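[1] Experimental structure and its sequence below.
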Amino acid sequence: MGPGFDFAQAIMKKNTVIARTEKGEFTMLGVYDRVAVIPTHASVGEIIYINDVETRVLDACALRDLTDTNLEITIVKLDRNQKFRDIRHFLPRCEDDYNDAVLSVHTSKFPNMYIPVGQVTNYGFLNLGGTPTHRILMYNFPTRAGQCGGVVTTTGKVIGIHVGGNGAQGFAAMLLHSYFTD
């Protein structure tokens, strides 16, 4: 409808795939080459389905900060025959608060979904499903099951992936430029 939705659609149409694990279907953001992100609670194994194609996982790494605290981001390298558009230049370098964000989701269940979630708070610490978690972003939208892995964008920036909510608020793990250096 507007500049926020335009940037969100541009990311979804070229840099997402449908990832299926034993824990369900997730929006999965491709970042560069064969390197993608997904919430750690997807429990990525040796094999993953990508747009319903059986795919070998060449590497998977569940990120923690230097306090040794969960970040809820798993970086995956896929045995895929095609590279993602490189979108690393849209990633923020620092932790920050943001205005006017969109959460975008694409699964079997929720195709072509875009949610104007509004202002994003640098919330920091969250006990997420019983696990202490750092670098959390919060938005006052009642997000629901099926939205995990959804991409959080502003005009110009890809800032996070949806990892959970409490019925009134939704929570995203930050994406930072430094996670994806060469």
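    It's in. Residues are numbered from 1 along each chain as shown.
[2] State which strand of this structure is the longest.
    strand 113-128 (DSSP state E).
[3] Now do the following helix or strand past that strand against strand 113-128, angle only.
    From strand 113-128 onward toward the C-terminus, using DSSP states H and E, the following helix or strand is strand 131-139. With axes from the mean of the first three to the mean of the last three C-alpha atoms, to 10 degrees defining the directions, strand 131-139 sits at 140 degrees from strand 113-128.
[4] hmm, who's touching strand 131-139?
    65, 67, 69-72, 95, 98, 101, 103, 117-128, 152, 159-160, 163, 169-174, 176 (C-beta atoms under 8 Å, 6 or more residues apart in numbering). All C-beta atoms are positioned from the backbone trio N, CA, C, and that covers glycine.
[5] what secondary structure does residue 20 sit in?
    What DSSP: H, G, I helix; E, B strand; the rest coil gives for residue 20 is strand.
[6] Any idea what it is bridged to?
    residue 25, residue 49 (DSSP bridges).
[7] What residues does it make contact with?
    26, 48, 49, 52 are the contacts of residue 20 under C-beta under 8 Å, 6+ apart.
[8] Go ahead and confirm the last one touches residue 25.
    No - counting by C-beta atoms under 8 Å, residue 52 does not reach residue 25; the two are 10.0 Å apart.
[9] which neighbours do these two share?
    With C-beta under 8 Å, 6+ apart, residue 52 and residue 25 have common neighbours residue 18.
[10] Those two - which one has more neighbours?
    Neighbours per residue (other C-beta atoms under 10 Å) separate residue 52 from residue 25, with residue 25 holding more: 20 against 9.
[11] Against residue 105, how distant is the more buried one?
    Separation of residue 25 from residue 105 (C-beta to C-beta, to the nearest Å): 10 Å.
[12] Likewise for residue 87?
    For residue 87 relative to residue 105 (C-beta to C-beta), the value is 17 Å.
[13] Tell me which stretches of the chain form strands.
    16-21, 24-32, 35-39, 47-50, 53-64, 70-78, 98-105, 113-128, 131-139, 151-154, 157-165, 170-174.
[14] Can you give the distance from the third one to the centre of its chain?
    Read it as strand 35-39. From the chain centre to the centre of strand 35-39 is a distance of 7 Å (C-alpha atoms, centre = their mean, to the nearest Å).
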